[PDB]
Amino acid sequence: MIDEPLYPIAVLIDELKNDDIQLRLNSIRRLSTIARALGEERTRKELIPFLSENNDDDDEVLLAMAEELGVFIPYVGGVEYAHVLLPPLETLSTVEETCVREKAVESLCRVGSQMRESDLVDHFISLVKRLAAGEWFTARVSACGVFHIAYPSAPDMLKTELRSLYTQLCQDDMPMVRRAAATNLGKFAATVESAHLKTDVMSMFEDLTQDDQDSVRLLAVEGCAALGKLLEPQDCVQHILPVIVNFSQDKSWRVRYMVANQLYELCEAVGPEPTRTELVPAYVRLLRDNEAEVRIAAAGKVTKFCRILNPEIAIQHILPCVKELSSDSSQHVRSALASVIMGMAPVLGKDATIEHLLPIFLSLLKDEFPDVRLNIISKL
């Protein structure tokens, strides 16, 4: 009744360590069937340990293992036993190959998000601590991506320890770890108490923005929008706005492109006065940037960022840039400007629109490229 039907499962288990990689992959794909044939207790005790201890295969097999383990909770007995999936994934998170360890981090996040608070405290915090203190850089890179899972349910002592650990990771001697810390900074900060958001998270952000490598600084600057959306206007102006202003005139066009993308979002956060004194000159410089990509990014938003502005300030500062952009050399710049320039008819008001926007509208109407025309003609 049982032996004959499950003989094929035994064959799959045997093929788990077959010479041919295709059969190993197939057995990995049928891990749930093998676990059901085994039973929960012994999926926990034979199968998961086998996956943990036999991990020297090709990257395809390891990636498949990470994928399968990410959705393997029911086959180990449910949430109460979800923690037994952590060890193997942890090992997979230390693999150098990017796809494997990134999938392992994603699966760790899935399992943790399904885990319940007592189990998080009992196992996931220790997992995060081990990864953060790992002697291999891949482990610390992976650790940067699981802090937000463990932080919310941790006790206050563990929360302080985790803030210190993330600060250390931001300070890491290996640049890739610092890049991962910058990448996950905003998302971890979303889980931190207001009190510590404005002291510890700010320290991490400012350390990253002063990092010696270009890539770390670029990644840190990318998080300005998220951090500002998480902060009070006071601290936003004090901490993030100067970074935006400084990097708007960085020699790297990619950093300036990032800043141009985030300016309008930061405008709401800082308020009208700081936007007038601080954001407007940076936006003007980005609109008149040396690189066409930055000019495109800024032109796509002149309307949004004039809508919040005083029409006096808009007319004085933004319109000259809009004029030059209308006669810009790049067809893509002209297209981006035209796709949003019409939206300023109501914001400026008939009196100002007539003196300033009329000629640009007609010029864009008679453009040499159907892109610009269509962009201005469709939204009439």
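Residue indices: 1-based, along the sequence shown.
- In this entry, 293-301 has the higher mean Cα B-factor, the comparison being between 98-106 and 293-301.
- For the pair 340-348 and 318-326, the mean B factor over Cα atoms is greater in 340-348.
- The residue among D212, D156, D250, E222 whose C-alpha atom has the highest B-factor in the PDB entry is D156.
- Take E278, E161, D122, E90 and read off each C-alpha B-factor from the entry; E278 has the highest.
- Among all modelled residues in its chain, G228 ranks in the highest third by Cα B-factor.
- Ranked by C-alpha B-factor against the other modelled residues of its chain, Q168 falls in the lowest third.
- The deposited CA B-factor of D207 belongs to the lowest third of values across its chain.
- For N310, the recorded CA temperature factor ranks within the highest third of the chain's modelled residues.
- Ranked against the other modelled residues of its chain, the C-alpha B-factor of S142 as given in the entry falls in the lowest third.
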